[PDB]
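Protein chains: 2
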Amino acid sequence: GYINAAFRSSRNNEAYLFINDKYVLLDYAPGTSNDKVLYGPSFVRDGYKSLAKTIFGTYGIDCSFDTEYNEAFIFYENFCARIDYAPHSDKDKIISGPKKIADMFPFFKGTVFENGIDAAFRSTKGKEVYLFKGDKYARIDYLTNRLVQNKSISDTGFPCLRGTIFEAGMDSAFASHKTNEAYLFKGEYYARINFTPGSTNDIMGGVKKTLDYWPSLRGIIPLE
Amino acid sequence: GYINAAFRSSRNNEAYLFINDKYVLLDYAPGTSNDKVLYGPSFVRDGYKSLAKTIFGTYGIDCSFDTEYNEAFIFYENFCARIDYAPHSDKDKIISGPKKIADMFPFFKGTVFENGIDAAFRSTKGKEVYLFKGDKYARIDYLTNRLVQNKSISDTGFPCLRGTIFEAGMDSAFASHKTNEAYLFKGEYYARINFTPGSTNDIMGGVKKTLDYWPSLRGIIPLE
Ligand SMILES: [Ca+2]
Ligand SMILES: [Ca+2]
Ligand SMILES: [Cl-]
Ligand SMILES: [Cl-]
Ligand SMILES: [Cl-]
Ligand code: NA
Numbered sequence: 004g005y006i007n008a009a010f011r012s013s014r015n016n017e018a019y020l021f022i023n024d025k026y027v028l029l030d031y032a033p034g035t036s037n038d039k040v041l042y043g044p045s046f047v048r049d050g051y052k053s054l055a056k057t058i059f060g061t062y063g064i065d066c067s068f069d070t071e072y073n074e075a076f077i078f079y080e081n082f083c084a085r086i087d088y089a090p091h092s093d094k095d096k097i098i099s100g101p102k103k104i105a106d107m108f109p110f111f112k113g114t115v116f117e118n119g120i121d122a123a124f125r126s127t128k129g130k131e132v133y134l135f136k137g138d139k140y141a142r143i144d145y146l147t148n149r150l151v152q153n154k155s156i157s158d159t160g161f162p163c164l165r166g167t168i169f170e171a172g173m174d175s176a177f178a179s180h181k182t183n184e185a186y187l188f189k190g191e192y193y194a195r196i197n198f199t200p201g202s203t204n205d206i207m208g209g210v211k212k213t214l215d216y217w218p219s220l221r222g223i224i225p226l227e
Numbered sequence: 004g005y006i007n008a009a010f011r012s013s014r015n016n017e018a019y020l021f022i023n024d025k026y027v028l029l030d031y032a033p034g035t036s037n038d039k040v041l042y043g044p045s046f047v048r049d050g051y052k053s054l055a056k057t058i059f060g061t062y063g064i065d066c067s068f069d070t071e072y073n074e075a076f077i078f079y080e081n082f083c084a085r086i087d088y089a090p091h092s093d094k095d096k097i098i099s100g101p102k103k104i105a106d107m108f109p110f111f112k113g114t115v116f117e118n119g120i121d122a123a124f125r126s127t128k129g130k131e132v133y134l135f136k137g138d139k140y141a142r143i144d145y146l147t148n149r150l151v152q153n154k155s156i157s158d159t160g161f162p163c164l165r166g167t168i169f170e171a172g173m174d175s176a177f178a179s180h181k182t183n184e185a186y187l188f189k190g191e192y193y194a195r196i197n198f199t200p201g202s203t204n205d206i207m208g209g210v211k212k213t214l215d216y217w218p219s220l221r222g223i224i225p226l227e
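Residue numbers (the authors' numbering), protein chains in the order written: chain A, 4 to 227; chain B, 4 to 227.
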């Protein structure tokens, strides 16, 4: 039971992390630690009124990514929804869905992404998102609803992950409030990366143990 | 666009039929051809407002059975919920779920029923129910949450069904308010059967074309 999904809040330096059927709201304070739990751990169904009687409320959220304003796509197995997460209030609502992935994103039909997605993060470019499944990644535009390029190997688009535990897949991710940086998680490990839409990038600090650098998560992960 | 799910109402001679993402409430006037549409066709989304923001609202119901009082279990693929259908009123609500079938009914783990069920009808005996998947059927008690006997081929428990289209599966079923009768559906066909819990068992006037004997369904099946 490690971090299964995450997205960047519209609130500065804040991020929602999903673990099993629970979530935490974190001030992740980039470049220090110093990170601090703001809310949770609590059941998704308790913190998100609009998700209470849904599969997301029962089983939690296994992938997500922020889009714009106070909205985010959330996933569980082959299903997804777009929600308004109304940060710091009880006014969350389902905007679109819930739908199967294939009905929300027709271009994933007959692909490995059809039955579920491992992780995703929001790009700094237009309305683009990177999504990950097994050792593959996709790059999409969620507004025009299109695949920007062929699905390919994670290391083809992210050469800096060659030779690390992340080359074979990742469990969760979110974009930082710092431009062109992102966090990737897998088991007890994380990495902070600098990406640039195009190619040639780097890992800032290498693969670190998560609890060594996110002290706020000590009594939380791994969740029994 | 055929009947996918159905259950018997607590109100005398009324049944709910599910087709695609819609439903109809029928006075099905048994042993007779004076059935009549009490309500619908309507979207499940619209008739049951407790389901509007769930997978059941988006995709409809593919299996169902009444339990007792004003309750019924509903299914869509590997998911199910127990609902109060609060007949001839608003105020329908979810009681339990949505949950995976294997979480609601743990004895189905590792069986063909784990990922979905074709059809079901409530027994006259105790809190027993007959559920169908492919050419197999199960007998359960939903109150005690117990598989009552081994999973058997459908023709092992309903020999009368041998040599008919039903021997290989049912799309949909519900129990009649008439004691020990049930209706079975598949394609443009249906049968009415007299069953006897724990014994054998017969067919009432053979397989008939549905539209011939259920005129109130004229504009409704096949739905687009
Ligand atoms: Ca995940
Ligand atoms: Ca069915
Ligand atoms: Cl998944
Ligand atoms: Cl792609
Ligand atoms: Cl749902
Ligand atoms: Na998923």
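The beta carbon of each residue, even a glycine, is placed where N, CA and C say it ideally should be.
- Look at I97(B): its C-beta is under 8 Å from a C-beta on chain A.
- For a cut-off of 8 Å, the C-beta gap from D158(A) to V151(A) is around 18 Å, too long to register as a contact.
- Beta-bridge analysis with DSSP links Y140(B) to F135(B) and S155(B).
- Its chain contains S202, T203 and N204 as the residues whose beta carbon lies nearer than 8 Å to that of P162(A), once the 5 sequence neighbours on both sides are disregarded; these appear in chain order.
- One thing to note: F124(A) has its Cβ within 8 Å of the Cβ of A176(A).
- Apart from sequence neighbours up to five positions away, the residues of its chain that approach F21(A) with a beta-carbon distance below 8 Å are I6, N7, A8, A9, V47, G63, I64, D65, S67 and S175, ordered along the chain.
- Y72(A) sits exposed, since fewer than 16 C-beta atoms from the chains shown fall within 10 Å of its C-beta.
- Counting along the chain, the unbroken beta strand (DSSP E) around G100(B) starts and ends at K96 to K103.
- For the segment 91-124 of chain B, the set of residues with a beta-carbon nearer than 9 Å to any beta-carbon of chain A comprises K96, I97, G100, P101, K102, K103 and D106, in chain order.
- Judged by beta-carbon spacing, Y31(A) lies within the 8 Å limit of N16(A), meaning their Cβ atoms are closer than that value.
- Under the Cβ criterion of 8 Å, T57(A) is counted among the residues facing chain B.
- Within the model, the alpha-carbon separation for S155(A) versus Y140(A) is close to 6 Å.
- DSSP lists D30(A) as the beta-bridge partner residues of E17(A).
- Annotated three-state conformation of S219(A) is helix, per DSSP.
- Looking from the CA of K136(B), the closest CA among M107(B), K130(B) and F116(B) belongs to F116(B).
- Proximity of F76(A) to chain B, defined by a Cβ-Cβ separation below 8 Å, is not satisfied.
- Residue contact check for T61(B) against chain A: a CB pair falls below 8 Å.
- Each residue's CA atom was taken as its position, placing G190(B) and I223(A) some 53 Å apart.
- Within the chosen limit of 7 Å, ligand 1 does not reach the beta carbon of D138(A) with any heavy atom.
- Straight through space, the alpha carbons of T114(A) and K128(B) are spaced by roughly 47 Å.
- Bridge pairing for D87(B): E74(B) and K96(B) [DSSP].
- For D24(B), no alpha helix (DSSP H) encloses it, and the DSSP letter there is neither H nor E.
- In this structure, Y186(A) sits away from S36(A), with a CB-CB distance that is not shorter than 8 Å.
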